[PDB]
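Notes for the one structure printed next.
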Amino acid sequence: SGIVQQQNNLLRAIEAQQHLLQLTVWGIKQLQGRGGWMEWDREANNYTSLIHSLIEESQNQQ
Amino acid sequence: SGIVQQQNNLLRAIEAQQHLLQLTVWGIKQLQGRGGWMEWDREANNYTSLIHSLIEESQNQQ
Amino acid sequence: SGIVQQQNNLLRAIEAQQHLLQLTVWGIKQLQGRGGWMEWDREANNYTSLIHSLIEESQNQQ
């Protein structure tokens with residue numbers, strides 16, 4: 001709603017995106033089996049859903 | 001210019017970055033031909049240019 | 001501290017994340033040796049540390 005609340009929302013979104021970014025950096029390093037990627041997939045999907053919720057929330061608060 | 005306008009700019013930047021982030025997550029999953037990556041390349045490049053414009057705009061608005 | 005300062009912090013965080021995002025896009029394109037990835041690793045690690053400092057700073061400023 002307010003400026004502060006929105007600022008906090010944006011920061012949380014950035015924090016979640018950083019976690020996803022770190023997962024991709026790690027994944028690329030590993031590529032330098034499928035089943036061995038199960039946890040990575042789980043995390044990537046969970047953070048993607050988390051970021052989606054954060055963006056929608058931010059959009060709703062203008 | 002104002003706080004609200006800047007907040008909206010930052011959100012749009014985050015949204016564009018999320019699209020690019022999703023493209024990289026998808027790309028890594030695919031790596032777990034070249035010609036088959038044409039659309040991915042197109043999208044990655046377009047979002048990169050989009051984000052660049054959004055950042056420059058934000059920088060200009062302080 | 002203030003709204004403006006926080007807004008600037010968020011923008012710097014987004015800018016740093018964009019650099020890391022570009023590194024991952026580039027890395028995926030290359031994957032479409034290990035030793036040949038030394039500079040990429042160096043940059044990825046440096047930007048990750050840079051973003052970490054920016055997020056912690058933003059968290060500290062609320």
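Chain labels run A, B, ... following the order of the structure tokens; each chain numbers its residues from 1, and ligands are numbered from 1 in the order shown.
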Taking only C-alpha atoms into account, report as a PyMOL selection string which residues of chain B lie within 7 Å of chain A.
chain B and resi 11+25+28+32
Mind fitting chain A to chain C by least squares on all Cα atoms in order and giving back the moved coordinates as a PDB file with N, CA and C atoms, in the first residue's frame?
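Below is the file that was written, superposed.pdb:
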```pdb
ATOM      1  N   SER A   1      18.362   4.599   4.488  1.00  0.00           N
ATOM      2  CA  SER A   1      17.531   5.242   5.547  1.00  0.00           C
ATOM      3  C   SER A   1      16.217   5.777   5.011  1.00  0.00           C
ATOM      4  N   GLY A   2      16.290   6.868   4.257  1.00  0.00           N
ATOM      5  CA  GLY A   2      15.091   7.460   3.692  1.00  0.00           C
ATOM      6  C   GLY A   2      14.556   6.666   2.516  1.00  0.00           C
ATOM      7  N   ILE A   3      13.452   7.131   1.942  1.00  0.00           N
ATOM      8  CA  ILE A   3      12.841   6.455   0.805  1.00  0.00           C
ATOM      9  C   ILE A   3      13.758   6.510  -0.412  1.00  0.00           C
ATOM     10  N   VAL A   4      14.295   7.694  -0.688  1.00  0.00           N
ATOM     11  CA  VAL A   4      15.184   7.890  -1.825  1.00  0.00           C
ATOM     12  C   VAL A   4      16.426   7.007  -1.725  1.00  0.00           C
ATOM     13  N   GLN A   5      17.084   7.025  -0.570  1.00  0.00           N
ATOM     14  CA  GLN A   5      18.273   6.206  -0.375  1.00  0.00           C
ATOM     15  C   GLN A   5      17.954   4.736  -0.609  1.00  0.00           C
ATOM     16  N   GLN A   6      16.821   4.283  -0.081  1.00  0.00           N
ATOM     17  CA  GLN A   6      16.418   2.892  -0.251  1.00  0.00           C
ATOM     18  C   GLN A   6      16.162   2.588  -1.723  1.00  0.00           C
ATOM     19  N   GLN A   7      15.517   3.522  -2.418  1.00  0.00           N
ATOM     20  CA  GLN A   7      15.226   3.354  -3.839  1.00  0.00           C
ATOM     21  C   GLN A   7      16.519   3.198  -4.629  1.00  0.00           C
ATOM     22  N   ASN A   8      17.540   3.963  -4.254  1.00  0.00           N
ATOM     23  CA  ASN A   8      18.824   3.893  -4.941  1.00  0.00           C
ATOM     24  C   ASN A   8      19.489   2.549  -4.672  1.00  0.00           C
ATOM     25  N   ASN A   9      19.340   2.063  -3.443  1.00  0.00           N
ATOM     26  CA  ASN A   9      19.914   0.779  -3.055  1.00  0.00           C
ATOM     27  C   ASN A   9      19.274  -0.327  -3.878  1.00  0.00           C
ATOM     28  N   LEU A  10      17.948  -0.291  -3.982  1.00  0.00           N
ATOM     29  CA  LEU A  10      17.235  -1.305  -4.748  1.00  0.00           C
ATOM     30  C   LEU A  10      17.678  -1.270  -6.203  1.00  0.00           C
ATOM     31  N   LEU A  11      17.860  -0.075  -6.756  1.00  0.00           N
ATOM     32  CA  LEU A  11      18.288   0.016  -8.147  1.00  0.00           C
ATOM     33  C   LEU A  11      19.683  -0.571  -8.326  1.00  0.00           C
ATOM     34  N   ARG A  12      20.599  -0.266  -7.413  1.00  0.00           N
ATOM     35  CA  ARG A  12      21.943  -0.813  -7.539  1.00  0.00           C
ATOM     36  C   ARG A  12      21.908  -2.336  -7.466  1.00  0.00           C
ATOM     37  N   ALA A  13      21.023  -2.870  -6.626  1.00  0.00           N
ATOM     38  CA  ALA A  13      20.889  -4.317  -6.472  1.00  0.00           C
ATOM     39  C   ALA A  13      20.404  -4.914  -7.792  1.00  0.00           C
ATOM     40  N   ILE A  14      19.421  -4.265  -8.403  1.00  0.00           N
ATOM     41  CA  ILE A  14      18.875  -4.720  -9.681  1.00  0.00           C
ATOM     42  C   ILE A  14      19.950  -4.663 -10.769  1.00  0.00           C
ATOM     43  N   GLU A  15      20.754  -3.604 -10.759  1.00  0.00           N
ATOM     44  CA  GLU A  15      21.817  -3.462 -11.748  1.00  0.00           C
ATOM     45  C   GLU A  15      22.848  -4.583 -11.613  1.00  0.00           C
ATOM     46  N   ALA A  16      23.227  -4.898 -10.376  1.00  0.00           N
ATOM     47  CA  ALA A  16      24.202  -5.954 -10.115  1.00  0.00           C
ATOM     48  C   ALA A  16      23.605  -7.295 -10.532  1.00  0.00           C
ATOM     49  N   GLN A  17      22.336  -7.501 -10.212  1.00  0.00           N
ATOM     50  CA  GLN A  17      21.695  -8.758 -10.596  1.00  0.00           C
ATOM     51  C   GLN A  17      21.640  -8.884 -12.116  1.00  0.00           C
ATOM     52  N   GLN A  18      21.471  -7.763 -12.816  1.00  0.00           N
ATOM     53  CA  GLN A  18      21.419  -7.818 -14.279  1.00  0.00           C
ATOM     54  C   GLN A  18      22.753  -8.300 -14.835  1.00  0.00           C
ATOM     55  N   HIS A  19      23.853  -7.820 -14.265  1.00  0.00           N
ATOM     56  CA  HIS A  19      25.172  -8.258 -14.721  1.00  0.00           C
ATOM     57  C   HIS A  19      25.320  -9.769 -14.529  1.00  0.00           C
ATOM     58  N   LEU A  20      24.869 -10.280 -13.384  1.00  0.00           N
ATOM     59  CA  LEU A  20      24.957 -11.711 -13.112  1.00  0.00           C
ATOM     60  C   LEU A  20      24.029 -12.465 -14.067  1.00  0.00           C
ATOM     61  N   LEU A  21      22.863 -11.891 -14.336  1.00  0.00           N
ATOM     62  CA  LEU A  21      21.911 -12.520 -15.244  1.00  0.00           C
ATOM     63  C   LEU A  21      22.526 -12.626 -16.633  1.00  0.00           C
ATOM     64  N   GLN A  22      23.215 -11.574 -17.061  1.00  0.00           N
ATOM     65  CA  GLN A  22      23.838 -11.593 -18.380  1.00  0.00           C
ATOM     66  C   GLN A  22      24.933 -12.646 -18.456  1.00  0.00           C
ATOM     67  N   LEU A  23      25.642 -12.848 -17.352  1.00  0.00           N
ATOM     68  CA  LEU A  23      26.683 -13.860 -17.310  1.00  0.00           C
ATOM     69  C   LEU A  23      26.060 -15.245 -17.502  1.00  0.00           C
ATOM     70  N   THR A  24      24.922 -15.500 -16.855  1.00  0.00           N
ATOM     71  CA  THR A  24      24.272 -16.804 -17.001  1.00  0.00           C
ATOM     72  C   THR A  24      23.711 -17.015 -18.411  1.00  0.00           C
ATOM     73  N   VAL A  25      23.181 -15.957 -19.024  1.00  0.00           N
ATOM     74  CA  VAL A  25      22.652 -16.084 -20.381  1.00  0.00           C
ATOM     75  C   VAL A  25      23.809 -16.439 -21.303  1.00  0.00           C
ATOM     76  N   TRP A  26      24.931 -15.749 -21.114  1.00  0.00           N
ATOM     77  CA  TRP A  26      26.125 -15.991 -21.922  1.00  0.00           C
ATOM     78  C   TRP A  26      26.632 -17.416 -21.711  1.00  0.00           C
ATOM     79  N   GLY A  27      26.649 -17.858 -20.456  1.00  0.00           N
ATOM     80  CA  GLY A  27      27.114 -19.203 -20.148  1.00  0.00           C
ATOM     81  C   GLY A  27      26.269 -20.275 -20.812  1.00  0.00           C
ATOM     82  N   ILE A  28      24.952 -20.093 -20.786  1.00  0.00           N
ATOM     83  CA  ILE A  28      24.060 -21.052 -21.419  1.00  0.00           C
ATOM     84  C   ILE A  28      24.313 -21.066 -22.925  1.00  0.00           C
ATOM     85  N   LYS A  29      24.510 -19.892 -23.516  1.00  0.00           N
ATOM     86  CA  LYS A  29      24.778 -19.833 -24.951  1.00  0.00           C
ATOM     87  C   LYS A  29      26.041 -20.632 -25.278  1.00  0.00           C
ATOM     88  N   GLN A  30      27.047 -20.543 -24.409  1.00  0.00           N
ATOM     89  CA  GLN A  30      28.306 -21.262 -24.623  1.00  0.00           C
ATOM     90  C   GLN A  30      28.131 -22.775 -24.513  1.00  0.00           C
ATOM     91  N   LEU A  31      27.172 -23.199 -23.699  1.00  0.00           N
ATOM     92  CA  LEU A  31      26.907 -24.618 -23.499  1.00  0.00           C
ATOM     93  C   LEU A  31      26.033 -25.224 -24.591  1.00  0.00           C
ATOM     94  N   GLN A  32      25.399 -24.382 -25.402  1.00  0.00           N
ATOM     95  CA  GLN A  32      24.545 -24.878 -26.479  1.00  0.00           C
ATOM     96  C   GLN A  32      25.378 -25.726 -27.438  1.00  0.00           C
ATOM     97  N   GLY A  33      36.027 -28.105 -20.425  1.00  0.00           N
ATOM     98  CA  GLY A  33      37.366 -27.550 -20.337  1.00  0.00           C
ATOM     99  C   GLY A  33      37.711 -27.040 -18.950  1.00  0.00           C
ATOM    100  N   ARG A  34      36.736 -26.432 -18.278  1.00  0.00           N
ATOM    101  CA  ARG A  34      36.966 -25.915 -16.941  1.00  0.00           C
ATOM    102  C   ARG A  34      37.854 -24.685 -16.909  1.00  0.00           C
ATOM    103  N   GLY A  35      39.117 -24.856 -17.288  1.00  0.00           N
ATOM    104  CA  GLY A  35      40.051 -23.744 -17.297  1.00  0.00           C
ATOM    105  C   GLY A  35      39.570 -22.565 -18.122  1.00  0.00           C
ATOM    106  N   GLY A  36      38.799 -22.846 -19.167  1.00  0.00           N
ATOM    107  CA  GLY A  36      38.290 -21.779 -20.011  1.00  0.00           C
ATOM    108  C   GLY A  36      37.181 -20.972 -19.358  1.00  0.00           C
ATOM    109  N   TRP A  37      36.678 -21.460 -18.224  1.00  0.00           N
ATOM    110  CA  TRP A  37      35.600 -20.785 -17.493  1.00  0.00           C
ATOM    111  C   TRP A  37      36.098 -19.947 -16.315  1.00  0.00           C
ATOM    112  N   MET A  38      37.412 -19.860 -16.147  1.00  0.00           N
ATOM    113  CA  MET A  38      38.001 -19.115 -15.036  1.00  0.00           C
ATOM    114  C   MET A  38      37.518 -17.676 -14.851  1.00  0.00           C
ATOM    115  N   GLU A  39      37.457 -16.906 -15.934  1.00  0.00           N
ATOM    116  CA  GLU A  39      37.002 -15.518 -15.849  1.00  0.00           C
ATOM    117  C   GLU A  39      35.502 -15.466 -15.540  1.00  0.00           C
ATOM    118  N   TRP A  40      34.733 -16.342 -16.180  1.00  0.00           N
ATOM    119  CA  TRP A  40      33.294 -16.384 -15.940  1.00  0.00           C
ATOM    120  C   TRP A  40      33.060 -16.660 -14.453  1.00  0.00           C
ATOM    121  N   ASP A  41      33.774 -17.649 -13.908  1.00  0.00           N
ATOM    122  CA  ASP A  41      33.643 -17.990 -12.487  1.00  0.00           C
ATOM    123  C   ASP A  41      33.993 -16.804 -11.606  1.00  0.00           C
ATOM    124  N   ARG A  42      35.092 -16.141 -11.947  1.00  0.00           N
ATOM    125  CA  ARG A  42      35.548 -14.985 -11.194  1.00  0.00           C
ATOM    126  C   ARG A  42      34.459 -13.914 -11.151  1.00  0.00           C
ATOM    127  N   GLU A  43      33.928 -13.567 -12.321  1.00  0.00           N
ATOM    128  CA  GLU A  43      32.878 -12.556 -12.425  1.00  0.00           C
ATOM    129  C   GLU A  43      31.606 -12.965 -11.688  1.00  0.00           C
ATOM    130  N   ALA A  44      31.156 -14.199 -11.904  1.00  0.00           N
ATOM    131  CA  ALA A  44      29.946 -14.685 -11.243  1.00  0.00           C
ATOM    132  C   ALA A  44      30.087 -14.591  -9.733  1.00  0.00           C
ATOM    133  N   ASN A  45      31.238 -15.003  -9.219  1.00  0.00           N
ATOM    134  CA  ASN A  45      31.462 -14.954  -7.781  1.00  0.00           C
ATOM    135  C   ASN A  45      31.521 -13.523  -7.261  1.00  0.00           C
ATOM    136  N   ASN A  46      32.190 -12.641  -7.999  1.00  0.00           N
ATOM    137  CA  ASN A  46      32.298 -11.246  -7.578  1.00  0.00           C
ATOM    138  C   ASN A  46      30.938 -10.554  -7.574  1.00  0.00           C
ATOM    139  N   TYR A  47      30.126 -10.792  -8.599  1.00  0.00           N
ATOM    140  CA  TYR A  47      28.811 -10.157  -8.626  1.00  0.00           C
ATOM    141  C   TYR A  47      27.908 -10.738  -7.553  1.00  0.00           C
ATOM    142  N   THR A  48      28.070 -12.024  -7.258  1.00  0.00           N
ATOM    143  CA  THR A  48      27.255 -12.636  -6.221  1.00  0.00           C
ATOM    144  C   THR A  48      27.578 -11.961  -4.885  1.00  0.00           C
ATOM    145  N   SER A  49      28.864 -11.748  -4.624  1.00  0.00           N
ATOM    146  CA  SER A  49      29.273 -11.100  -3.382  1.00  0.00           C
ATOM    147  C   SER A  49      28.802  -9.645  -3.356  1.00  0.00           C
ATOM    148  N   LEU A  50      28.846  -8.988  -4.509  1.00  0.00           N
ATOM    149  CA  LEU A  50      28.402  -7.603  -4.615  1.00  0.00           C
ATOM    150  C   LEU A  50      26.907  -7.493  -4.299  1.00  0.00           C
ATOM    151  N   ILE A  51      26.112  -8.384  -4.887  1.00  0.00           N
ATOM    152  CA  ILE A  51      24.672  -8.381  -4.667  1.00  0.00           C
ATOM    153  C   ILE A  51      24.356  -8.662  -3.203  1.00  0.00           C
ATOM    154  N   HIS A  52      25.108  -9.582  -2.609  1.00  0.00           N
ATOM    155  CA  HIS A  52      24.912  -9.926  -1.203  1.00  0.00           C
ATOM    156  C   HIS A  52      25.081  -8.679  -0.336  1.00  0.00           C
ATOM    157  N   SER A  53      26.121  -7.900  -0.618  1.00  0.00           N
ATOM    158  CA  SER A  53      26.375  -6.696   0.167  1.00  0.00           C
ATOM    159  C   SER A  53      25.247  -5.693  -0.025  1.00  0.00           C
ATOM    160  N   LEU A  54      24.750  -5.599  -1.253  1.00  0.00           N
ATOM    161  CA  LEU A  54      23.674  -4.666  -1.555  1.00  0.00           C
ATOM    162  C   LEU A  54      22.368  -5.060  -0.870  1.00  0.00           C
ATOM    163  N   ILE A  55      22.061  -6.354  -0.838  1.00  0.00           N
ATOM    164  CA  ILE A  55      20.843  -6.820  -0.185  1.00  0.00           C
ATOM    165  C   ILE A  55      20.932  -6.591   1.321  1.00  0.00           C
ATOM    166  N   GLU A  56      22.060  -6.967   1.913  1.00  0.00           N
ATOM    167  CA  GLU A  56      22.223  -6.788   3.352  1.00  0.00           C
ATOM    168  C   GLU A  56      22.086  -5.318   3.722  1.00  0.00           C
ATOM    169  N   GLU A  57      22.633  -4.448   2.885  1.00  0.00           N
ATOM    170  CA  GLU A  57      22.542  -3.013   3.119  1.00  0.00           C
ATOM    171  C   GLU A  57      21.075  -2.588   3.076  1.00  0.00           C
ATOM    172  N   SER A  58      20.344  -3.075   2.074  1.00  0.00           N
ATOM    173  CA  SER A  58      18.930  -2.737   1.929  1.00  0.00           C
ATOM    174  C   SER A  58      18.111  -3.251   3.111  1.00  0.00           C
ATOM    175  N   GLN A  59      18.431  -4.455   3.576  1.00  0.00           N
ATOM    176  CA  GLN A  59      17.729  -5.040   4.710  1.00  0.00           C
ATOM    177  C   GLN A  59      17.968  -4.185   5.946  1.00  0.00           C
ATOM    178  N   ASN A  60      19.202  -3.716   6.095  1.00  0.00           N
ATOM    179  CA  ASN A  60      19.578  -2.893   7.236  1.00  0.00           C
ATOM    180  C   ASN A  60      18.838  -1.561   7.226  1.00  0.00           C
ATOM    181  N   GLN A  61      18.558  -1.050   6.033  1.00  0.00           N
ATOM    182  CA  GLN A  61      17.841   0.210   5.898  1.00  0.00           C
ATOM    183  C   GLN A  61      16.346  -0.088   5.843  1.00  0.00           C
ATOM    184  N   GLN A  62      15.974  -1.256   6.364  1.00  0.00           N
ATOM    185  CA  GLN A  62      14.587  -1.716   6.393  1.00  0.00           C
ATOM    186  C   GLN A  62      14.168  -2.286   5.043  1.00  0.00           C
TER     187      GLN A  62
END
```
